[PDB]
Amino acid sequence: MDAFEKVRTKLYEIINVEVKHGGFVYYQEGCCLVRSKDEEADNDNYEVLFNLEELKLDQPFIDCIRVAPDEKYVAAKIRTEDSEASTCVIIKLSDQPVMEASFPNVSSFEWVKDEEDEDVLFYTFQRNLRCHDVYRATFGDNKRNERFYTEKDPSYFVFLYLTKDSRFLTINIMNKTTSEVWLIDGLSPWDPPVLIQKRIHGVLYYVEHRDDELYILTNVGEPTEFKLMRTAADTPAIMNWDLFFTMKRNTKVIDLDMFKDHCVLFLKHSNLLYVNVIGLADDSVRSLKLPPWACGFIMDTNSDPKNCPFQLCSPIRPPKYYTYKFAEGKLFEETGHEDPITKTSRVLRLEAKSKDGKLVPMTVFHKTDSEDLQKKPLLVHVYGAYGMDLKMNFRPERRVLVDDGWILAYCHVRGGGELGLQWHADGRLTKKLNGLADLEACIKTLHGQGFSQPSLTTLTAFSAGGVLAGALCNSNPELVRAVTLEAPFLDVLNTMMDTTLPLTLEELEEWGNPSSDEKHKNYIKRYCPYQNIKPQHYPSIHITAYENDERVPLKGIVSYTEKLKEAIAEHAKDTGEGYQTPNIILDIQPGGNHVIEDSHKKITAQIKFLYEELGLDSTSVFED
C-alpha cells in the first residue's frame, strides 16, 4: 500500500489535532493540552492537563494524541517547528494532571487495554538514526520500559497501529516495496509478539483484524495489483491466505475502514475515485454512487464500529461530509448545507496525447456560463515526480479564480503515481523527458482543443514541480505568459554534483547520482533548467522563496534568478528595442510560515502578479 491513509500519515500550513475519546475532546488551546466536554459549552471551558513550556522547547505544538482506555493517562506527541526532534509526553489524568514520563524521538505510539487492568504504552524510536526499537511502558507499579523488538535494518521504517476492535497491535516494519507485520495480543500484551510472515522482498501487506480472522491488504504475487485476503488468527502464514476481494490494476488504496460485519474500502483508479462496502460473511459488494465533481477524499482515521464517515472535496468545492450509515443504506449531504459550486462547474477528466504516444490524464474544470467566443486565462499545475499524485484538496485561492472566469488544469504527468507504479517508473531522472513529453502535450492539447492561448496561459509549481516548470521555460517558453514558483527546484545538477553536505537519501533513487556516474551527467544535463538557460524570451516569474528550507537550497534558486536576469539581458542587449523584458520577481521570505495569514497573503502577491502580467482588473473579494 503506497499512499495508504495510515502509511502517509506516518510517512504547507498547520493542521489541527483534535482527538475525541470518552466524551472528551483533547487538543491544545495556547500551547497547553486541555480537555473539553464533547460539545464545547464556550470556547473557554476546558480542563488544563499539561502546559507545553514544561519541556523548554521552541514553538511546540501537538502532533497527535492517543488516549488510554482507562483515561488514567494520556500520551501526546510534542513536535516543534524549525527543528527535527519530538517528545512523547504522558500525563496522568487524576484530580491533578501531572506528567510522569516524556520519551524523545518517538515516531508512533498506542495504548493497550491490558488483562491486568493497567494502561500499557507501546512506542517506537530510532537509535542514532540507525534502527528502531519497540518498548513497553507502564505507570502503575512503575515497570519502566522493556525493549521486546529491535528492527535491525536502517532502510526499514517501523510504525505501530491498533486494529479498530483493539484485538491486536500491529508492529509494521515497512519499506517502499516490502513490509512485515507482527502481532501483539490485545488481551495479553506481555506475551511475545507473533510474526505473521517473514518479509518477502517486493510484497507489501497491511493487517486488520475483525472476528478471529485477519483481513490482509497485500500485493503478493503482483505489485501492480492489490487485493484483500483472509486468514485465521491461529494460521496467519502466507500459505493460508485466501483471496477475498480483487482490485483493478494500478488502483490506489487510500483507506480501509473495517466494521463489525463489513469492510469499506476507499480507492482511486486513474483520476476517478471509488468507495465500496464489502460484506465479510455474505458476498455483499456495492460501489457507492459518487458525484462527478469530486476529485479527492478527506479521511478521518477515527470511526465508530457502525458508521463510515468520509468527506469529498475538489480544488474548488469545499469538503462535503458523508457517511455510510451502516444500519440504514448510506446517507450523504449533511442537511442542506451545500455550496452552488456545482451549478456552473465543469469537472472534466480529459486525456493528452504525449509525443511518445501515451494517454496522459489531466483534469480541467471551470465555469460553464463563461461565454465560449472569448478565452479566459488558464493556470495549469504539475508535479510528475516522487510518485505523488497532484493534490486535489480545496484551495480557496482557486475558487476565487474560477469564479472570476479562470480555467484550472491539473496535469498528472509521468513521475507521479496517478496511473500506478508504471506511471512513476517513467518520468524519473533517466526518463524525466517523458515528464516534459506529457506536460508539453497537455498544454498543447488544451490549446488545440480551444481552451486558452499562450498569451493567457500560466502555470504554478511547488518544489519538485519546479523542475518541469523551469525546464518548460527553456523548452517551449512560447506556451506560457507567467509562472509562479513556490520554493522551486532548478539547478538539480549544481545541487547534487556539488555534494558539499547534502544528505540526499531518496533523491538519489529519484534523481540519479551525478557526482559518480557518466550517464547520470549526460541525461540530467538535457533537462536541468539551470543548464539549458538560453538567452531568449521568457514568461514572467514570481518566486515566493523561503530562506529557511533544507529540501531547497536558497543558493540554488537565488543563483537561478540572477543567471536568468543575465540571460534575458544578453537577449535584451541583442534586440533591445521594444522587446518587453519579462518581469522576474524573487520575494525572499524568512523562516517557515508561522500563521495562515502570511501564506494566504503571499497568495495575494501571487494572484496580483498574475493579474498584472495579463491586466484583468481585480476581483480579490473573499474571506481569507
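Start at 1 with the first residue shown and count on from there.
According to the PDB entry, the deposited sequence contains 4 to 9 residues between residue 11 and residue 12 that lack coordinates.
Mean C-alpha B-factor is higher over 405 to 413 than over the other stretch, the pair under comparison being 405 to 413 and 164 to 172. Two stretches are in play, 85 to 93 and 104 to 112, and the higher mean C-alpha B-factor belongs to 85 to 93.
Residue set 98, 362, 545, 285: peak C-alpha B-factor at 545 (per PDB entry). The entry lists C-alpha B-factors for 235, 271, 179, 344, and the highest of these is at 344.
When the modelled residues of the chain are ordered by their C-alpha B factor, residue 46 lands in the middle third.
The entry lists a Cα temperature factor for residue 495 that places it in the highest third of the chain's modelled residues. In the deposited entry, the Cα temperature factor of residue 32 sits in the middle third of values across the chain's modelled residues.
Among the modelled residues of the chain, residue 200 sits in the lowest third by CA temperature factor in this PDB entry. When all modelled residues of the chain are sorted by CA temperature factor, residue 526 is found within the highest third.
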